[PDB]
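Worksheet for the structure shown next.
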Amino acid sequence: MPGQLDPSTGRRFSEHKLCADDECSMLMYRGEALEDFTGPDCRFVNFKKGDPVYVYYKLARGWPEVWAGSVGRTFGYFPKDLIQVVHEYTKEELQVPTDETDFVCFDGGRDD
């Protein structure tokens, strides 16, 4: 929060991300989207009800509950609330910190 906030731009989810592995290279769960949705926020994940998702990592305790993964041609962050775990590889939750530019958008993206 840089004093002001652009309504049309989302935030970098959370300061810490929970991963199935400390390098977040291993899948945690596999999910399916039980809700229609769009990710115009550049790094949001687009999906809709009936869209299979993969969840690489998730937020370290945050509401609205938000997760991250890849769906179709979109990969990034999205509301966990908008999907359902269709299966999981691990119950492991390693707390890896997020970089400020870990998930950013160049040319037409809020760095603030």
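Every read-out reported here was derived from the displayed coordinates using simple, explicitly stated rules and does not represent laboratory data. Please note: Cβ atoms are built from the backbone with ideal geometry, for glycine as well, and neighbour counts cover all protein chains shown.
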Among 91, 48, 80, which one moves the most in a GNM of the chain with springs linking Cα atoms closer than 10 Å? 91
From the phi angles alone, apply the Karplus equation (6.51, -1.76, 1.60; θ = phi - 60°) to the stretch 29-37 and give each ³J(HN,Hα) in whole Hz, x where the residue is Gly or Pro. 10, 10, x, 9, 7, 9, 8, 6, 5
State, as an integer percentage, the relative contact order of the stretch 16-97 based on alpha-carbon contacts under 8 Å between residues 6 or more apart. 41
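Any idea what the dipole of the chain comes to, in debye rounded to 20, about its Cα centre with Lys/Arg Cβ at +1 and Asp/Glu Cβ at -1?
In total the dipole reaches around 340 debye.
Counting every Cα pair in the chain, what percent are over 23 Å apart? Provide the component values of the computation, followed by the final result.
On the way: 1547 of 6216 pairs.
Tail of P(r) above 23 Å: 25 percent of Cα pairs.
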Debye intensity ratio in log₁₀ form over the Cα atoms of the stretch 28-78, taken at each q of 0.20, 0.28, 0.32 Å⁻¹: -0.61, -1.16, -1.36
